[PDB]
């Protein structure tokens, strides 16, 4: 039994940097409006992992309106979701994340993102891929209004 999962998240720019993406603190000239980290890459990833296990998603698992969690960085949410996710018998296959942003430049940060993720999920660095791409100045992402990430996850049970 192998299980595929998809996640997608978005945040708007606002206030002052830096931002956190994939756990890394990246300097930039806005920060991200969010009730949390606003770490889009770990949000999308967490959702791909939950979706592959059919556990729903962050929003279900962790209500903005709910307890225990409202004081939360996205790396604890990820580690919590994974903790549930193994409790149903699952194990990691691989994981591939696509950050979609006009800036800032993600590339140099991209190794450190992967050690955070690989550590949080207990796997090897090489079950984790991350890339970033622009939308060439089209779209809300191209106008620098915010930042999207998609992710995919393969779980083995």
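The term rigid core refers to the maximal set of C-alpha atoms that superpose within 1.5 Å between the two forms. Positions refer to the first chain, counted from 1.
Here 62-70 and 90-98 are scored by the root mean square distance of their C-alpha atoms in 9 other deposited structures of this protein, with each structure fitted by the rigid core; the higher score goes to 62-70. Stretches compared: 52-60, 126-134. Higher mean C-alpha B-factor in the entry: 52-60.
Mean CA B-factor, 93-101 versus 62-70: the higher value falls on 62-70. Annotation for residue 107: CA B-factor lies in the lowest third of the chain's modelled residues.
Sorting the modelled residues of the chain by their CA temperature factor places residue 154 in the middle third. The deposited CA B-factor of residue 33 belongs to the highest third of values across its chain.
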